[PDB]
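Only one chain is given next, in C-alpha cells, and it is the form deposited in one PDB entry.
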C-alpha cells in the first residue's frame, strides 16, 4: 500500500484548510500529495522538499484527466485520502471514481475530509426547508451507493447528497457555521445523522502550530512578514470592506471611489452616523479588482493601513487575524464573522437589491438574521447616508 493524499478545490476556502492540513502533516516528506487547486500555487522552496508532489489543473469544476497520468506513476496498491469542497464534491470526486474503476482491485478510498466552499452551502440548505429531511437522507445514501457502483450521477436531492458520505467512507466535515446545523429545526434529522463527524472551521489551528509550522503556513498562502507585521500591535482593529462599482447612475469609476470615501468617513469620523470610536486602528481591505478605485481611497483617507489584494478575509481568519470589528460594503464574507465582530453592513444597489427591504431578503442575510449574528439595525442601504 501507498497512501496518496489528494487535495481538490476550485474555490479558495477549502484550499486554505487543506493547506493547513498539509502544514500539520508537513514533517512527513514521504507520502505522495496531489494538489488540485484553482487559485493557490506553491512556493518552490516548499515543494522541492517533497519527493512525491504533483499538481493537477482544475478545468471547469473538476480535475482534468491529467490526474490519471499522475496516478499511473504509482502501481502499488493505493489508498486515497481525499480532501474536497462540500458544495462541489461530486463533480470534484468523479474523476477519482473513474480512475478507480480502471483499477478496481488495486485502488480504494481510505477517507474523506470535506470543507465548506463558503455561504453557497447554506444558501443551498435554506432552499430545502420544506422537504422531509429524514427521508431525503435515506434516499441519498442509496443513490450514493448506486453512483459508486456505476458512475451514474443521479440524486433526487443533490444538496443533501453532499452530507451522506459516511454511509460509504470514514468522513470528516469542516463547517463555517456549526450553529446553523444546530438551530435549523428542519435540519435536526441531519444534525443527528452527522454527530461526531463535523467541526467548526478552526481559526485557532494556527496558534496551536509550532513557530516552524506557522512560518510554513504563511509561506504557503502568500503572507509576507512585512504585511504580517501590520497586525502586530495590541491596539484593537477595525477593517473597512471595500467594493468596486454598483448601479449608481454612471460608469465613472471615480464616483464610486468618492462615495466609498464617504461611507468610510461614516465609520471613522466622529461626525459619522456609524462612528466606531477612537480605540480602533483603521484598515482598508479593498476589492482585488479595485485598482484605481483603491488608489483613490488610499490617497484621500488619512491614517489608514492598506491590506494587499492577496490577503483575503479567509486568510485572516485562518491565521487568527480576525479584527475586533468589520464594517463597510456588504459581501458574503460577513456570513463567516462572529456576531461581536460586525459593526454595520452597507448594501449597494445591483439588480436584486434596490433598497433595504431587498437587502433584508438577500438569502445569506436572512439566515444571519435568524441566527442573530446581526440585527436589522446593522443592515443599511447605501443611499440612506448623507455626504460629509
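Numbering follows the first chain given and starts at 1. Just so we're on the same page, rigid core means the largest C-alpha set that superposes within 1.5 Å between forms.
Below, we turn to the form deposited in another entry, even though it does not appear here.
Q | Displaced residue check between this form and the one not shown: residue 40, CA, 2 Å or over, core reference | A | Yes.
**Q.** Yes/no, residue 301 Cα shift of 2 Å or more between this form and the one not shown with rigid core fixed
**A.** Indeed, residue 301 is displaced by 2 Å or more.
Q | Displaced residue check between this form and the one not shown: residue 231, CA, 2 Å or over, core reference | A | It does, since the residue 231 C-alpha is displaced 2 Å or more between this form and the one not shown after the core fit.
Q. Do residue 320 and residue 176 move together or apart in the other entry, judged by C-alpha distance changing 3 Å or more?
A. Farther, not closer.
Q: Compare the CA separation of residue 123 and residue 347 in the other entry with the one in the displayed structure, and answer closer or farther (the difference is at least 3 Å).
A: So the answer is closer.
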